Amino acid sequence: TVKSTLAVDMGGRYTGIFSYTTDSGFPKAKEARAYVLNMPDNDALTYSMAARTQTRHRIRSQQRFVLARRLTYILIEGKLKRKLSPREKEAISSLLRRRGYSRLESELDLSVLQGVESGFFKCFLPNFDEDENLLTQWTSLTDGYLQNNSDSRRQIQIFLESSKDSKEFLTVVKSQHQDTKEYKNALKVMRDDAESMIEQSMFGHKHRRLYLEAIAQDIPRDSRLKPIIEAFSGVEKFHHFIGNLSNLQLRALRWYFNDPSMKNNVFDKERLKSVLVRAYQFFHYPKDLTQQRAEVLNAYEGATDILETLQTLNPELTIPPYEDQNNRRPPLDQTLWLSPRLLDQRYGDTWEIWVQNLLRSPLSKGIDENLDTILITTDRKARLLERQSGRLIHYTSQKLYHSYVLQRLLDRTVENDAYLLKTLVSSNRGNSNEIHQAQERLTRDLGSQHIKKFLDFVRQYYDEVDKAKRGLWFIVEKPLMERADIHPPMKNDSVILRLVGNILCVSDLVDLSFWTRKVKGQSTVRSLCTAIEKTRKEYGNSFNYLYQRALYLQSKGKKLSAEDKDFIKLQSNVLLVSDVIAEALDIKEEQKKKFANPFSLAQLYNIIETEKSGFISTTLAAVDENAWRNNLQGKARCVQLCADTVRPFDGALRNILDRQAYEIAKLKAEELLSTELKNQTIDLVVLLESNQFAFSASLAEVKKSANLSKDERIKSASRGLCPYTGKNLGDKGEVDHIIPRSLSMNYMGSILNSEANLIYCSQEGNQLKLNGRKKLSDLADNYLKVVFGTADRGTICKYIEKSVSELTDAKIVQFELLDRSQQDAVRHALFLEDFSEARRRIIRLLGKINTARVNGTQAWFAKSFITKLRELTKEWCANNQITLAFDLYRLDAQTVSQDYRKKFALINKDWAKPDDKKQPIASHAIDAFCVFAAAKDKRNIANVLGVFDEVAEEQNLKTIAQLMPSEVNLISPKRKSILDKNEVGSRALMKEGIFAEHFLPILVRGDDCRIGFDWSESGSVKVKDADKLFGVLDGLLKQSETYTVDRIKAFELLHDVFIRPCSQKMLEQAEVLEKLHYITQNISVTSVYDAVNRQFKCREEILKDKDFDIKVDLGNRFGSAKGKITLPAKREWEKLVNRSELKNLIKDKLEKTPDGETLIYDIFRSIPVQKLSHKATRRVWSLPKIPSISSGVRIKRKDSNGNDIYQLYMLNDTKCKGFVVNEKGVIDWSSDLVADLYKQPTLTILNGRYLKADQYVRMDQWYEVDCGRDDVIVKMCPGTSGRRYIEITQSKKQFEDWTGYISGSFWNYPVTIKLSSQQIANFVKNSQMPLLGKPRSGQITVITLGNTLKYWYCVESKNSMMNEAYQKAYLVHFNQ
RNA sequence: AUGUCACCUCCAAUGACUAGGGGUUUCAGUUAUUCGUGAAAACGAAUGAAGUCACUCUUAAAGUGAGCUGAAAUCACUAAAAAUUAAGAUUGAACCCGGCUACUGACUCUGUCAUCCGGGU
DNA sequence: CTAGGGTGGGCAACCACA
DNA sequence: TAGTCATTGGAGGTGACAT
DNA sequence: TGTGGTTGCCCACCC
Ligand SMILES: [Mg+2]
Ligand SMILES: [Mg+2]
Ligand SMILES: [Mg+2]
Ligand SMILES: [Mg+2]
Ligand SMILES: [Mg+2]
Ligand SMILES: [Mg+2]
Ligand SMILES: [Mg+2]
């Protein structure tokens, strides 16, 4: 045997790894290797599918609209029997855009408006009548508001401005009524439901198919739709048709267009009818909407012409219900059943004889008792496959009966086991008389000819059970039990009866009549159990502690408070309900004591009354079998069934742990195969650290802390006021992430959905709050007075810092047992400054993706790692006859931390774990080493792992610490490059955000000619001898004095010079076209406001000359025209900063005005009233600037009419695959060799030209360059188009002498070393080597630590000496 | 005490469906007429919407830029539609076809449909 | 467990050089 | 941003047995 | 009056 060992300190980002191989016992000095895996949380690897899912659903919404237009056009040209004009197509598509959401907001309450007299509100609207109720006139007011009545709208803002000061109203109410609180509530509701009408007209369309009403009003007022209207014979029929098609989901349109013959957009009536009935049979309607469902299907199924049904069926009925993807990907239950198939594949028909012989014994009386009921339901996958085949061969009822009896025999409890099979096959024996008579009984019952093989089976079974309980069923080689791999049910009534029977300790529960029994008075079992669960959920995880403390205090005779007296009343209730239940269905006393507690009664209520919300863990066969085995109405008959404990982590957790397990399996793979050994068993033990993190309240913390759903909790935390605007909020608001969704996704790859990050605000406070930061000064003053008692921002800042400073990390993470003040302090700490200690603590404590990546993920990670290492070393073990005998052990984190990490910290000071700051990278390897140091302590681990010589604490504690090697390797995974992927579509292969693509006009006046926008000096550049420009621009220009290029012809020629080799004339034309070309892009006017530091920026920043100047430089070859143009749009920016209400906030040079983006949005507003009710609102206002550019591509797509359009994007990935190498081996460092996922008849690399390359050097080709010295080792690869990658192997003392890095020993180094500009200058100065360059932004990534460092960096800028030395190394390799 | 197993409730993290509303870009349109309400400055309405400024230069006219409005496009191969913004050593997810012999789900429950199963892309 | 602004391109600005 | 549906892990419980 | 090499810095879809 060969002892191979892996120890893993699991980490959300950084994973420590200590691994070795040995012949026996401890490893040598050379065999132990320390690794640290840093998973990139800076988006070098994408684990979260959030960006991919939102891109998928954005494209799905786009294709939903595209296919809805396609279907609408097909049906309308079918109705007209003629082709639509582009104006008709534009009007129909104008109806189809912006269809609004489909949720349930059903009815505004307005109940407080019933008890308020109308005559009090004649002041705001004099036209009101006292004979008319306020509710009726309010309904008519809203009806007028929807009908685009401008007077009604003006009445709305008149009411909005008048009701903000309510001193007169409250004075009159107090003068005529005693209580003013109900009138305060009435005015609050009035101002709360009118402010939501101000919204959803300024921030979004946002209609719950009031789009139907808007389109019903806007169809007759659109003149392009007139020839359609008599074609449909009415505005009503056409509106119903449009609304019915607009309610279709993408899957319906998919099902209609899913045919190659539908590339012709042909109309098929029966296909459309079948698609519509298929579409509305797909939904799971609620119980109150079934009649509506019954209407819609009866329209669609009964259609003798589906096109008239679309015009006839009311589109309000065809609004889809909520999605019900409840059977989406159901779980497979992981119960492990004894397999008749495997048993008669291995033992033939002999195990049948074993079961028959053991059944004949009187000791096995009643072991098959309820099996005629158990065997009805299918329990496993192979039985299901045989039942689908209709040919029961291995899974007949007799074979299942015998296998069930066999497993009940083997899993029998100690009190009932008449054979002591666990003792009989154990390697250790006790007092031999009892084992002697147990073997005698087994021999007498089973038969002496069957004793050997059966016991071998028994030992195998028990071994394979034990592995199954440790999460290691997958490492068995010849299994006897099989996983079920079957979907369980979803808590139907038959499941409810079994679960309630498991609670109540009954076996044959048939109905729930006990639930309706009367306990005391008119209060049923239902009422007391609902009260019990209400109390238990009010007290949370601390309920058991406070309840048991109340019972202990009442037992000892000590005085009870009100809360403990309430708990004593609850104990009286649980005793009464337990007595009534146990008398209702005849439960005896000792079984009544097993559910006479609040928890069992509460979960009785939860099972019986609350609706089902997921699948049960096992199938009903396993539920019934476990109910038989446990025998809760009496004494337990058998041990409960075992299951494969490794539940699947399908998600981003799968991705992170998948990549970690593959990297560790690679390290273990070419650590094993680097050694040379044949035909011997290598046992490979995996060591893991138990990370169990509490996200809800712990017992050890509620003990020291005791001496509304989450959505409603966040809603009630804002106290009915919008935090960002101060408006009365109500219920039509939005839950805002204070730390923005995109920001946290960018630097963390996660969305912080913790309650502290979520604040309930309005649409105004959420749509003006973009990805930019928002501080405490942007919150409204009244909201701060309500929450913190005062609106003083400094006092609130000090209060928040002091209150959060007293909270521990756990008490912040266990968020729900703070009081209201501490919860508000933790949430509002995110509104503080960047340098705030409280905010820096809270942002880090809500990054709970890193805590969930290690929380109990050790079993699945170990399974993944062992399976991968088995498949990498499969051919190596096959070619060397190696058998790998894997193992898994798991170690308590607190034990290894206190008893080994702290001890090594005292022994070696450099090995200490920092608690107040970030851990050094090598410390993770130390933790992994500590895991190994703990695992040698355990006798069970060491007895298979090695020998036992642990004679003293100090001796082994000092002998172990020298095993860890000096150097530690730092493994940085990175995703596959876009040059190597054969599926390049699985990468975001260009950035979203399109750039405006202009060309400079040419102005001619007589002989004189110039390039620019106008004849001003700053707007043009004079061309010397312009006849050469027109000579090299024949066929590309068009005359509008002014000559402008032909956009389509220029784009076609610029694609032709990129995709195919072209003549010199076309290349010169492309050069001129690229020199007249420039790029602008609209950037928002809110960029005058700094959204991060919350201040206005100086005029020299808005009117910075780099943002507007265009450099034009042709040359004599095209007619010399050198100079700089200013962009005319700069004058519009001059309008922005010199306008009436911004010229004082923006200074000439570089106070901190709060919420300036709201001011900018108040400046730009649609003051005129829109004619059309279905019109898009606008929120973002922008002006062009010259943006900074990346590698750009022009894409030739097609518009809806079939015309070629060109849009300019930027690449997200690499554009260059390498550098062209000639026949002699010389690298062409200047030319751009574009990769082959580009170079397509649609794409055009911007300023790109065709290039032929028979051979080239790849960007990944590392070579060792001759650096002129032997102390360092310099490797170099081209890496990128403009920056080489340089890898330096160099002693750490020399690196510190070069740089001045003062991070102490190498154990305290990070994985990414950030050099200051003084340290970069020191590196360049002391290296005295221009061949090294300097690191880009001082970023150095360490590959191996130690006394000799090995680190790589991207050079800040290329340099001819690097290219020369790489050319030298490449020529040395190329000649050989 | 901690290991399985089954339930209950919370918290956190996932990924799945359905989307919504702004952006950006391309292509157009617009740089106003008519009516009645005013002596008029101006107001309102109708023209499907928009229809307002600024540099150049005969002064007009024009050029150019911006705004506004409406459509369209918003990864490529690439399309009827599926996959397509993850990973690649392995995969996962999605979507479609057939089936109801049968695991799961929804109903109007001998059955039909499906997010289920089998297969395919 | 975690202490959070990367990279693969582009541009303009100077400084030799013809 | 909004609905809806499932899963995994942990914390607090109840019940079974088994170290 | 190009032409190439360094240096310095900027960009990225949101709610
Ligand atoms: Mg650890
Ligand atoms: Mg927000
Ligand atoms: Mg660690
Ligand atoms: Mg536009
Ligand atoms: Mg069924
Ligand atoms: Mg189907
Ligand atoms: Mg699916």
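Cut-offs used in this document
Residues numbered from 1 in each chain as written, not as in the entry; some residues may be left out. Chains lettered and ligands numbered in written order. Heavy atoms only, no water. Helix = DSSP H or I, 4+ residues; strand = E, 2+ residues; numbered from the N terminus. Rg over C-alpha atoms; globule rule 2.2 N^0.38 Å. Buried < 20%, exposed > 50% of the residue type's maximum accessible area, 1.4 Å probe, protein only. Areas by Shrake-Rupley, 256 points an atom, 1.4 Å probe, with all protein chains shown as cover. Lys, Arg positive; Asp, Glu negative; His and termini not counted. Charge placed at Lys NZ, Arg CZ, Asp CG, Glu CD. Expected span 1.5 Å × (residues − 1). Patch = residues over 30% accessible without salt bridge, like charges linked within 9 Å, V, L, I, M, F, W, Y side chains within 5 Å. Salt bridge = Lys/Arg side-chain N within 4 Å of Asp/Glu carboxyl O. Pairing = 2+ DSSP bridges. Polar contact = N/O pair within 3.5 Å; in protein donor to acceptor, adjacent residues only side chain to side chain. Contact = heavy atoms within 4.5 Å. Near = heavy atom within 4 Å. Nonpolar A, V, L, I, M, F, W, Y, C, P; charged D, E, K, R; others polar. Donors = N, O, S within 2.8 Å, 3.2 Å for Na, K, Ca; no water. Axes fitted to C-alpha atoms, helices over the stretch in contact; angles between N-to-C directions. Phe/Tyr/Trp six-rings, centres within 6.5 Å; stacked < 30°, edge-to-face > 60°. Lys NZ or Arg CZ within 6 Å of the ring centre and 35° of its normal. Core = buried A, V, L, I, M, F, W, Y, C linked by side-chain atoms within 4.5 Å. Disulfide = S-S within 2.5 Å.

Structure determination for the deposited model, as stated in its record, used cryo-EM, and the stated resolution is 2.9 Å.

## Quick word on the overall build of chain A
Counting its regular elements, chain A contains 54 helices and 36 strands. For 1376 residues, the compact-globule formula gives about 34 Å, and the C-alpha radius of gyration of chain A, at 38 Å, lands near that figure. Overall, chain A is about 125 × 100 × 70 Å in size when its C-alpha atoms are taken along their principal axes. Per-residue burial for chain A yields a buried fraction of 48% across its 1376 residues. Accessible surface for chain A amounts to roughly 68900 Å². Of this, 49% is attributable to carbon and sulfur atoms. Taking the average location of the 209 positive side-chain charges in chain A and that of its 177 negative ones, the two points are 2 Å from each other.

## Some points on helix α40 (residues 858-872)
Spanning 15 residues, α40 covers 21 Å between terminal C-alpha atoms, matching the ideal 21 Å at 1.5 Å per step. Listed as buried for α40 are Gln858, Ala859, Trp860, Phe861, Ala862, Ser864, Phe865, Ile866, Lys868 and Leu869.

## Some points on a positive patch on the surface
The grouping of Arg60, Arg254, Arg328 and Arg329 at the surface amounts to a positive patch. Residue position: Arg329 is located in the loop between α13 (306-312) and β4 (336-338). For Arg329, a relative accessible area of 71% translates into the label exposed.

## Let's talk about the sheet that holds strand β30 (residues 1255-1258)
Read from one edge of the open sheet, three strands run β28-β27-β30, paired in antiparallel fashion. Two strands close off the open sheet at either side, each with one partner strand: β28 (1233-1234) and β30.

## With respect to a negative patch on the surface
Together, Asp129, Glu130, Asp131 and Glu132 make up a negatively charged patch on the protein surface. Residue placement: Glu132 occurs in the loop between α2 (86-96) and α3 (134-146).

## What to know about the side chain of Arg191
Mapped onto the fold, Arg191 is located in helix α6 (residues 181-198). Owing to a relative accessible area of 17%, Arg191 belongs among the buried residues under this scheme. There is a polar contact of 3.4 Å between the side chain of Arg191 and the side chain of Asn728. Not counting residues within four places of it along the chain, the set of residues in contact with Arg191 comprises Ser163, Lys164, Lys727 and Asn728.

## Digging into the pattern of salt bridges
Should their charged atoms come close, side chains of opposite charge can pair. Tallying each qualifying case throughout the model produces 81 salt bridges. Here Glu369 makes a salt bridge to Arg637, at a shortest N to O gap of 2.5 Å. Residue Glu369 is located in the loop between α15 (350-359) and α16 (371-374), and its partner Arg637 is located in the loop between α28 (620-630) and α29 (652-672); the two are separated by 268 residues in the primary sequence. Judged by its relative accessible area of 47%, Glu369 is partly exposed.

## Considering the protein's contact with DNA strand C
Near DNA strand C lie 39 residues; those nearest to it are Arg13, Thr851, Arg1283, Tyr1285 and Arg1336. Residue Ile1189 places a main-chain N or O atom 3.0 Å away from a base nitrogen belonging to DNA strand C. One nitrogen or oxygen atom from the main chain of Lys1215 is found 2.9 Å from a phosphate oxygen belonging to DNA strand C. Per-element accounting of the surface near DNA strand C gives the leading share, three residues, to helix α38 (residues 837-845). Considered class by class, the residues forming the surface near DNA strand C number 10 nonpolar, 14 polar and 15 charged.

## Structural notes on the protein's contact with DNA strand E
Taken together, 21 residues surround DNA strand E, and among them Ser742, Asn766, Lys991, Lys1122 and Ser1360 come closest. Counting only the atoms of DNA strand E that lie within 4 Å of the protein, the sugar and phosphate share comes to 80%. Contact between DNA strand E and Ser742: a phosphate oxygen at 2.8 Å from a side-chain N or O atom of the residue. Separating a phosphate oxygen of DNA strand E from a side-chain N or O atom of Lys1122 is a distance of 2.3 Å. Of all the secondary structure elements, the ones that give two or more residues to the surface near DNA strand E are α32 (741-748), α33 (763-767) and β13 (991-999). Ranked by the residues each element gives to the surface near DNA strand E, the list is headed by α32, at three residues. Partitioning the surface near DNA strand E into residue classes produces one nonpolar, 11 polar and nine charged.

## Observations concerning the coordination of the magnesium ion (ligand 2)
Only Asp736 (OD) and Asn766 (OD1) from the protein coordinate the magnesium ion (ligand 2), and they sit 2.1 to 2.2 Å from it. Taken together, the residues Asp736 in strand β9 (residues 734-737) and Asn766 in helix α33 connect sequence positions 30 residues apart. By relative accessible area, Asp736 is classed as buried at 4%. The exposure class assigned to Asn766 is buried, which follows from its relative accessible area of 14%.

## Details of the side chain of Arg1010
Tracing the backbone through its elements, the reader meets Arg1010 in strand β15 (residues 1008-1012). Exposure remark for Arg1010: the relative accessible area of 12% places this residue in the buried category. Side-chain polar atoms of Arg1010 contact the side chain of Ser1020, separated by 2.3 Å. Other than its neighbours up to four places away in sequence, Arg1010 contacts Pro1001, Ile1002, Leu1003, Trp1015, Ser1016, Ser1020, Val1021, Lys1022 and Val1023.

## Things to note about the sheet that holds strand β17 (residues 1037-1039)
The five strands lie next to each other as β16-β15-β14-β18-β17, forming an open sheet whose pairing is antiparallel. Looking at which strands have only one partner, the edges of the open sheet turn out to be β16 (1020-1022) and β17. Strand-to-strand, the axes of this sheet are offset by a mean angle of 30 degrees, without reference to chain direction.

## Comments concerning the pairing of strand β32 (residues 1273-1277)
Judged from the two bridges that link them, strand β31 (residues 1263-1264) and β32 form a sheet pairing that is antiparallel. Paired with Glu1264 across the strands is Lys1275, a residue of β32. By the bridge criterion, five bridges tie β32 to strand β33 (residues 1285-1291) in an arrangement that is antiparallel. Residue pairing across strands places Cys1277 opposite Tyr1285, the latter belonging to β33.

## Details of the packing of aromatic side chains
Under the defined criterion, the tally for this structure stands at 60 aromatic pairs. Pairing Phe18 with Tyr20 gives two aromatic rings, centres 6.1 Å apart and planes at 65 degrees, and the pair type is edge-to-face. The exposure class assigned to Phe18 is buried, which follows from its relative accessible area of 1%. Assessed through its relative accessible area of 1%, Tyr20 is described here as buried. Following the ring pairs from residue to residue traces out a cluster consisting of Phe18, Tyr20, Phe26, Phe904, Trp911, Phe929, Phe932, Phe1306 and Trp1307. When the ring centre of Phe232 is taken as reference, the NZ or CZ atom of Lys79 above it lies at 5.7 Å. A cation over an aromatic ring shows up here: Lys1185 above the ring of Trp1133, its NZ or CZ 4.8 Å from the ring centre.

## Observations regarding the environment of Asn1212
Residue position: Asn1212 is located in the loop between β26 (1204-1210) and β27 (1216-1221). Counting along the chain gives 20 residues from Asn1212 to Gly1192, while the straight-line C-alpha distance between them is 9.3 Å. Contacts of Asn1212, omitting those with residues within four sequence positions, involve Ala988, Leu989, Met990 and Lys991. Polar side-chain contacts of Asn1212 include one of 3.3 Å to the backbone oxygen of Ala988.

## Observations concerning the nonpolar core
Among the nonpolar cores identified, the biggest contains 76 residues, and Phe18, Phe929, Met964, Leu1345 and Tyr1353 are the most heavily contacted of them. For this core, the element with the highest residue contribution is helix α43 (residues 921-935), accounting for 12 residues. Dropping the residues within four chain positions of it, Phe18 is found in contact with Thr5, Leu6, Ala7, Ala32, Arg33, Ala928, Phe929, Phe932, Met964 and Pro965. In this structure, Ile1011, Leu1054, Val1085 and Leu1114 belong to the second largest nonpolar core, which totals 55 residues.

## Considerations on the state of the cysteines
Within the structure shown, the criterion is met by zero disulfides. Take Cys1216: it sits in no disulfide, and the sulfur closest to it among the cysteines is that of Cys1277, at 14 Å.

## Regarding unusual backbone geometry
Residues other than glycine seldom take positive phi values, yet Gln200 does so here, at roughly 50 degrees. Its place among the elements puts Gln200 in the loop between α6 and α7 (211-218). Even without being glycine, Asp1155 reaches a positive phi, approximately 60 degrees. By relative accessible area, which is 16% here, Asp1155 ends up buried.

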